[PDB]
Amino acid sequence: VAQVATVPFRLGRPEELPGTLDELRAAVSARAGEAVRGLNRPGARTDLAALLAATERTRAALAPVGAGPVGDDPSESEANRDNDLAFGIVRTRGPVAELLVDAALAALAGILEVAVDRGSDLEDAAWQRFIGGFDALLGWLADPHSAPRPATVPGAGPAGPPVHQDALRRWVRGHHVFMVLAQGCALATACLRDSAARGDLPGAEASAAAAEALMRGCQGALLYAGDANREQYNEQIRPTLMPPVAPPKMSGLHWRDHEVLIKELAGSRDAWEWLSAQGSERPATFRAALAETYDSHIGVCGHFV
């Protein structure tokens, strides 16, 4: 795993994520705002290489917040740990939402490193959706009471000649993006539920806008991982004399960030209907995004056809 992605990939415990807009703003908006400003600095968006350099410069300029590994976590099953280990994930002590900002910037850099060198085979609209998911996450975290504004995403060159195990690199780095987006969407959905419960219609609307933008980013990430997985299957046609090692795979049951996201989404049904009744257009477009993300599990998740 260390030969295919920068690890440890440090992430907080998703069970600790804030659950209200005011709590989220207090926890992360300062640091997210710094991240957004770094990624939108003069020259950062001229081309993909500039965005990569801006991402690494932004990461370096941020105050470190981690306090080392969580270590012994009574809430973490062995199967949770195995799921994390398979992708080089280390659950890290510290402010969970600030660690999410760090993880988002690191996952972005991981994606851009490969794309700057080897291009991408993704359709330009999928590339825009995928990378745009980072702008949605960080822009929303910078000001959770407002919908986030989309930004320019430089295009990726056409895919170059295959290098050994590049598909595995994209597979693993893509899953690092999954974990960031799952936490982000869990945050947005929790804030939607809380705002609706408290009758905060503007807060529900902003949270729903974030949830949909993050859901579209997740769909783009699933397309990116599906492209990597298909290439992986082709590299697997060769029989090997050494024991054949399967690519790492997420469990579903034992992937904590996804479990937290799904539980939030389940409890949000009434908030989505209430937004509809209050004149929002977000429920209908979120429903479309949700359907597309679900269908795009096919060819990525081992528990789908």
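Residue numbers run from 1 along the displayed sequence.
The deposited model assigns a higher average Cα B-factor to 239-247 than to the other stretch when 239-247 and 32-40 are compared. Relative to one another, 61-69 and 260-268 have unequal mean CA B-factors, and 61-69 is the one with the higher figure. The maximum CA B-factor among the listed residues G133, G174, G160, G139, taken from the PDB record, is found at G160. Comparing C-alpha B-factors across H145, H164, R91, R193 in the deposited entry, the largest value falls on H164. The PDB entry assigns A228 a C-alpha temperature factor belonging to the middle third of its chain's modelled residues.
In this PDB entry, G220 carries a Cα temperature factor that places it within the lowest third of its chain's modelled residues. Sort the chain's modelled residues by C-alpha temperature factor and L201 lands in the middle third, per the entry. In the PDB entry, a CA B factor belonging to the highest third of its chain's modelled residues is recorded for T152. Annotation for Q183: CA B-factor lies in the lowest third of the chain's modelled residues.
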